[PDB]
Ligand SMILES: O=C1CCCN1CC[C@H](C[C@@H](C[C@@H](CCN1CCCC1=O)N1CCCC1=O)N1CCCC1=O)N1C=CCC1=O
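Only one chain is shown below, in structure tokens, and it's the form solved without the named molecule.
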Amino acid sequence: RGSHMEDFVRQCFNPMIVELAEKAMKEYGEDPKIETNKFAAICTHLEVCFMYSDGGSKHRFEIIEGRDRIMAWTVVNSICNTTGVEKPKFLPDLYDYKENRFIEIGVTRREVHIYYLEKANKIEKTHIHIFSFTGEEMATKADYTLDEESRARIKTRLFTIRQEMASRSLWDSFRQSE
């Protein structure tokens, strides 16, 4: 049963992001052919994590998301044993070598206030940065890590994705599936 959102995801995002999203869903036991809105969300958040990592200097960010669960936990062990930072209870998405903290990036369909609460509820010392499909962002202690142009590029891409879905009538189903 091939959905329209599955075919849109493969045309909307780059193949390396699509393949990483598939492996991430097959691990943890999910099907991109069925949980197709979730398939889109993983690709979206993966692309945001990659753009974020490209916003700083060359050696600034270590990327944790998009890895196998074991090697992602391997890299944070090495980070924490090199930096002397607390090992996070849950896997974060990035590490900032310049500001010496982990980052949990969020991409949300609701308003940025509510998700940060939920994200901070499950969190203690790692930095938190939320993006929305409506252009809003919220970061821990109002420190948005990157400069304005890099974040604005991420917001523009998010709104383009929402437009492309709406143009095919997939947005309403994607908005109310979170």
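Residue indices: 1-based, along the sequence shown.
Below: the form solved in complex with the named molecule, not depicted.
When the named molecule is superposed onto this form from its pose in the entry with it bound, none of its atoms lies within 2.4 Å of a backbone or C-beta atom, and the site is open.
In the entry with it bound, the named molecule sits within 4.5 Å of a heavy atom of residue 63. In the entry with it bound, the named molecule sits within 4.5 Å of a heavy atom belonging to residue 67. Contact check for residue 20: a non-hydrogen atom falls within 4.5 Å of the named molecule in the entry with it bound.
Shown alone here, residue 16 lies within 4.5 Å of the named molecule in the entry with it bound, counting heavy atoms only.
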